[PDB]
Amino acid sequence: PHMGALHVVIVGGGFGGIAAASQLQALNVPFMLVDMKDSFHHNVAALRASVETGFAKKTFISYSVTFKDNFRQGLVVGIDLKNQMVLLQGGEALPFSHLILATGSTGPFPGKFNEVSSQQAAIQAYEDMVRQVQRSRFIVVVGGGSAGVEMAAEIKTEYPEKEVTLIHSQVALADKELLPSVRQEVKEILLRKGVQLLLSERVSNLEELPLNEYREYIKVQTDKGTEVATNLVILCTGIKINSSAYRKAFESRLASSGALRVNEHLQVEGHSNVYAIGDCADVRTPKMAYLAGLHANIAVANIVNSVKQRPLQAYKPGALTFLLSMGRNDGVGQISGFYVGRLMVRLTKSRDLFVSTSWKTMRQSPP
């Protein structure tokens, strides 16, 4: 029983969650941010952190330094809707008047890092990854979605002398939703960088492969009988909505995606005090970090606007913005539905990978 008082709980400390937490902190609204890690992960830069020595420490930002007693590390195992509690592993419970679900996506390392561990262990996992890439003359990237084409491009840009093969199950690279001109340019850039492309092939012995580790010899097989000898296998095979925290409680209002259905105010269907932001919300746009932060502004604003009996802010998508960095010197993509070239993408994304915007949000300075 909050007896009218606000206490917001944010489940997930990603791009959406740290934006929500930062705004709630500036409004002096009581809240608790929950994340399984001890630091925010700027995962847009996770592939650069897999190939550049010393870079990983720029991609993890301590929660407690920024949020102090408004942060609690923990693993959310469920949501008790009748008694308005967030259920943590270990048995602890967090009461809320409003709930913001910002649980993001899960997938293979290095592109995603969803482990309970300390900031130094997380940084070391990416430094270890860099050392496996450095030891490995021959490298296979599996999956030619937008992550795989970035992974392969990063390796060949930092290490032109390595042999890199990208194996992709479709005939075209990167998102089906992209302008065809963008998808063709991605292909032409990988080929000009010397990446060997095996298109329309599915790697078929994934269970038998050592992953993210150098070996003197690894044989990759595909369903068409192609065999590739390599020293290192990196998986960029896709991601899944991380419905872990809320799956049982909200099974009624889940999309196929695993996301939560929401109106244009980002309240979860059937609720007025539960919001979903970022990857876990069921919007028609693609899963983007910058959209996560914009949903965060909308959700917090609507919590306040609901208390002030004011009209709620509305989320209105426009045409697709999607930028692919192709190593630090190259890239291609589209901004609001039209093509942008390699100089533009290099300057906007490939050089810094938006890293400074997260340190600014967290009001910390990178080491």
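Numbers for residues come from their place in the sequence shown, where the first is 1. Rigid core (definition): largest C-alpha set, two forms, superposition within 1.5 Å.
J.: Once the rigid core is lined up, would you tell me whether 89 to 97 or 181 to 189 has the higher RMS CA deviation in 5 other deposited structures of this protein?
T.: The more displaced stretch in 5 other deposited structures of this protein turns out to be 89 to 97.
J.: Determine, for stretches 36 to 44 and 330 to 338, which one has the higher mean CA B-factor as deposited.
T.: Going by the record's values, the stretch with the higher mean is 330 to 338.
J.: If you take the mean CA temperature factor per stretch, which one wins between 159 to 167 and 68 to 76?
T.: Per the deposited B-factors, the answer is 68 to 76.
J.: For the listed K193, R284, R183, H295, which has the peak Cα B-factor recorded in the PDB entry?
T.: Answer, based on the entry's C-alpha B-factors: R284.
J.: Going by the deposited entry, which of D128, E201, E188, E150 has the highest CA temperature factor?
T.: It is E201.
J.: Among the modelled residues of this chain, does the Cα B factor of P30 put it in the lowest, middle or highest third?
T.: Its C-alpha B-factor belongs to the middle third of this chain's values.
J.: Using the B-factors in the PDB entry, rank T321's C-alpha atom against the chain and give the third, lowest, middle or highest.
T.: Its C-alpha B-factor, which the entry lists for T321, ranks in the middle third among residues of this chain.
J.: When the modelled residues of the chain are sorted by Cα temperature factor, does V307 land in the lowest, middle or highest third?
T.: Tercile = highest for this residue's CA B-factor.
J.: By the recorded C-alpha temperature factor, relative to the other modelled residues in its chain, which third is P110 in?
T.: It falls in the bottom third of the chain.
J.: Compare the C-alpha B factor of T103 with those of the other modelled residues in its chain, then answer lowest, middle or highest third.
T.: Middle third by C-alpha B-factor.
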